[PDB]
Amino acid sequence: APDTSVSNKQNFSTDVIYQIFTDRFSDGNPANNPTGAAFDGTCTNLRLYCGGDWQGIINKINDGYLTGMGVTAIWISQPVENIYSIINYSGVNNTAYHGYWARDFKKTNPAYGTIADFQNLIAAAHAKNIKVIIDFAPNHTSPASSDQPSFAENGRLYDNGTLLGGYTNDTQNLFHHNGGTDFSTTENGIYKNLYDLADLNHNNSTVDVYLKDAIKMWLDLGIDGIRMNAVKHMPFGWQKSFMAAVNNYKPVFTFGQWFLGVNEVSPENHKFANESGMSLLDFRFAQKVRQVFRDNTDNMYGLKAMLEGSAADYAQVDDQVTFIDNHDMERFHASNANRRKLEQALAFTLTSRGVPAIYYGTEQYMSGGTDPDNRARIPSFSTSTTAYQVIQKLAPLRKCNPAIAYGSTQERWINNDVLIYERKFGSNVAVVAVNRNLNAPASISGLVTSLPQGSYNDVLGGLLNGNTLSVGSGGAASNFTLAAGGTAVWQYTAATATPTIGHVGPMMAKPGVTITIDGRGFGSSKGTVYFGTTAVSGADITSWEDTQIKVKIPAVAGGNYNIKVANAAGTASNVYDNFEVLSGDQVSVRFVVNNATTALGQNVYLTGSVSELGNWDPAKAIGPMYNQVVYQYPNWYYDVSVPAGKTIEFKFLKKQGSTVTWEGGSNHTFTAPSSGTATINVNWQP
């Protein structure tokens, strides 16, 4: 199959995700509706169950609503079993309608449906070329009070019906008991509870194994991707081990939720996306989009800076999931606002780099404030809205024009209100023009592009007041008027002669695992695959076609390798960096160093004899380590993904910037567990 096939679970760049709040989409099976005080059929009480379910989604998939829009992927509420409690908050009744209050990761939420219902959903979707993504929140269970066990379900955790433990009397330490987070620091947000939710302790062996076993179940059920909840609130090392588990079994496209506020640019966030084994929801993109197109707090210059900065900050920018709003933000469309604002933002997102995600109902001009006002029941299934049509015309471009899916981004024309950008991949090109100024047209002269000579019709058909583009030799466009609030899309596709890599997935795994390499001009005959300088050919290359290659990772030493391919004739392609070859199966180990004093601004890091520990290279050391919550300074701790059953040598370091102070004496030594977790505790050697 080609790169665009529904079967491609490793790449979503050619797709368009539709974010569904299951309960608020469509109640296709009233028989499974919750009853009494936990339900409101009218969906007037936004905190109770409204009845939306999997059967409903199936119906919507079957009746053309999503397909007619060009949607090729869906992201649904967490499917696992949630508590049944009806909680009274501020005099208001609340339910688990959102799917975030888990009780059993190996069962389904009966309100959504049964396992059989789930299987059917998967089948229905696939039959319509729609990939299925599930929300997964292994960071906590549900609302609890250690002092008052009768409150809710006491964050109880079950294993396929078998009780493991609750928040009260947590002798095994399945959960964290450090109060609630205040988001003052990263460490703080990880080792403390979100709201009143029972925080899961991933260092607990039972929890580790269980969670890993659970995801396997869902993978076995046929999912195509995973949306990881609050990744900024779980230990990074643990998550890396989780991704390894997934990748070394059945790799699927995974992206996490790492919230960013307005004007917020985080290096920690970049690093996580670059080395965790998963990508992230593009908050930087989303926030900038709202500023420029919605709240008028920034202009095109800021939009361009975000695009350029992001492309450099993210090793795999094309893996970031873009959006303009979500279940945790106020709806993009303001009641009294000009609809063109939303239309423009949509078009921008659909034609930009990454993986676009659209929050259900956006296309219906839904308005609403923060939770739960942004989660009303979809008021219509009309295909006649302008927004619907915008998506309908642009979504498919992601499939047919690889420039949109894998291309670079380049500004071609700009002013306070206008932005004209170009996407390019091999012989493929796409040019988009946006004039956010709703009252003034712009006179466009001097525009230069990569489009061949000719005339180009607006892909939007003038829907957003766009126009035809005339390109002479040299890619120079003839003078034209860009209507007030105008938006136009011009594109070109053609055969690519030379092998071009547009995407690789997964990006982190152990030898023997099969990876997917997508792009154009690979040819039909098996060529050669390079991992760094190492060449792979023949048998290990499972399949080879023009747009996609399937190959087994070679048994090279653990480390980072750049990927390249060559056609059967020996022609090399571009290089796709940052591939991570693991040393083997991974386990999550907690490292604790005692009595490591430092000066303000100086932190402790971990280094060692394996790739996972940076192979003694301080620049690749793990950290900075933590010293407030679990353990207190001068004792430091950190959770790390290491190779199972291996004997590892390690040392600690103290660093100020890139300046490094090595721990004295001899190296510490330990043997990693074969499965489950472990905690290594030593004293800093002077």
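The numbering used is simple: start at 1 and walk along the sequence shown.
Look at the C-alpha B-factors of 54-62 and of 37-45. On average they run higher in 37-45. If you average the C-alpha B-factors over 510-518 and over 110-118, the higher value belongs to 110-118. Of the candidates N338, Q344, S279, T72, the one whose C-alpha carries the top B factor in the deposited record is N338. Listed residues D417, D295, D325, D540 were ranked by CA B-factor as deposited; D295 comes out on top. Placement of the Cα temperature factor of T22 within the chain: middle third of the modelled residues, per the deposited record. Split the chain's modelled residues into thirds by C-alpha temperature factor. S641 is in the lowest one. Sort the modelled residues of the chain by CA B factor and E308 lands in the middle third.
Among the modelled residues of its chain, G570 has a C-alpha B-factor that falls in the highest third, as given in the PDB entry. For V246, the recorded CA temperature factor ranks within the middle third of the chain's modelled residues.
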